[PDB]
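The data below hold one chain only, encoded as structure tokens and taken in the form solved without ligand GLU.
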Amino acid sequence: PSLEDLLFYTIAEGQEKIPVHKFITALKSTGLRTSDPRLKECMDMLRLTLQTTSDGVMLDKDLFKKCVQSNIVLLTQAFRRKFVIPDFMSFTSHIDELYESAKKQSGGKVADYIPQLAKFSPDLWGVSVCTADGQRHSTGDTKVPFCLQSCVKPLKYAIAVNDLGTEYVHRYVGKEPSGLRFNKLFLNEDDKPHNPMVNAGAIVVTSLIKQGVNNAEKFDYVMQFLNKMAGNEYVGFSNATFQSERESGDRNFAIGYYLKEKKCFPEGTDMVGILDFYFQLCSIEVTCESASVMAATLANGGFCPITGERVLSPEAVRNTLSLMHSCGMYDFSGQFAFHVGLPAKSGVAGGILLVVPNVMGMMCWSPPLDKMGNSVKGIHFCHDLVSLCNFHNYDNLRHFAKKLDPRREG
């Protein structure tokens, strides 16, 4: 016996050779993408042999085995229906009506704080899925770049905990939501910002990453880090949005100066420089496809699902997902933690970085904000998602009424 031939016969279906197109649509139907980095040796040796013998698209038992030999384990799990969502193509059908039912929520106002987020169309709306096994799906404006704005706050918090540890990082920032009037206090009773998901806490966290080095290297360090979270998909930077947050952030200068007064940074901090490094991290660009892999990295204990690389410590991922649970959606956070129960994080460009732990990561994006600062279609979509599947933090995996469980068979 051998898994290469075991896999060979499962696609061969009693015939003696496999057309390679029949193999890739079998592959593409599992939800994997042929561009997947863990499939690259196999696609290399398929493209080589559809050159080697350009006659017959067809593959004998060793022509198949020489091609899938080096990734065979991940193709067995794909074809033996062992991915976390086994019937991925029903799931994407469901994603599609969830996307298309959120698509007709009219309302919201595009953030017009700066000329750069007024430049985005209200009818843009994209959602991208990446599961803990690399299965992907997108619908809508998923390859359109936009800035994370404060979707970067969990990502930089995780990096800070990864290099520094929870105890150090939480000498300087709290771990609870403020209370839903204190939309306007900077510090809790211990003179620490309430948590890493508010501006005062984010600014303090930004002050802890890669100390002792200038703002050019730190930005690279976070970008090197954000690159691996996305399995090297698109992570960019829009200098346009940086310059306009550069002279329209009197609040962050207010927070920055208030924090310097009450001695909330580590010794030797250049506060004004930390604000610029902060403003830059907010102008970093992604698409929903790029970002959903970042989200799935958090869904997968800190391992990038499409590379197998250890990006974040499990301690870092854990803290980041518990604070996104409770403080991730501005004033809607408690309502969100009750009704949706998923770690999510919103940003003013229209992003919602969503994580369904142990299953998948997501990014939803539509620029029209509601009156608390959260993308309207994102909020609607994430409600309909939990109303349809047992993904809520406190749904039961055995008795879940008439919800769906994409993790299961029939």
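Numbering starts at 1 and runs along the sequence shown.
Another form exists, deposited with ligand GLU bound; not displayed. Remarks below refer to it.
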| property | result |
| --- | --- |
| Open vs blocked, site of ligand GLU as found in the deposited bound form, superimposed, 2.4 Å to backbone or C-beta | open |
| Residue stretch of 25-33, 44-52, 356-364, 342-350 approaching ligand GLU in the deposited bound form, non-hydrogen atom distance within 4.5 Å | 342-350 |
| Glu245 within 4.5 Å of ligand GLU in the deposited bound form, heavy atoms | yes |
| Close approach of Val222 to ligand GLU in the deposited bound form, 4.5 Å, heavy atom | no |
| Close approach of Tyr113 to ligand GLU in the deposited bound form, 4.5 Å, heavy atom | yes |
| Distance check, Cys282 to ligand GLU in the deposited bound form, heavy atom within 4.5 Å | yes |
| Selected contact from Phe146, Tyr99, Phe336, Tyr278, since only one has a non-hydrogen atom within 4.5 angstroms of ligand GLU in the deposited bound form | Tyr278 |
| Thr269, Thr307, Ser138, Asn199 - the one with a heavy atom within 4.5 Å of ligand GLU in the deposited bound form | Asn199 |
| Ligand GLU in the deposited bound form: contacted by all of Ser150, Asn252 and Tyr330, heavy atom 4.5 Å | yes |
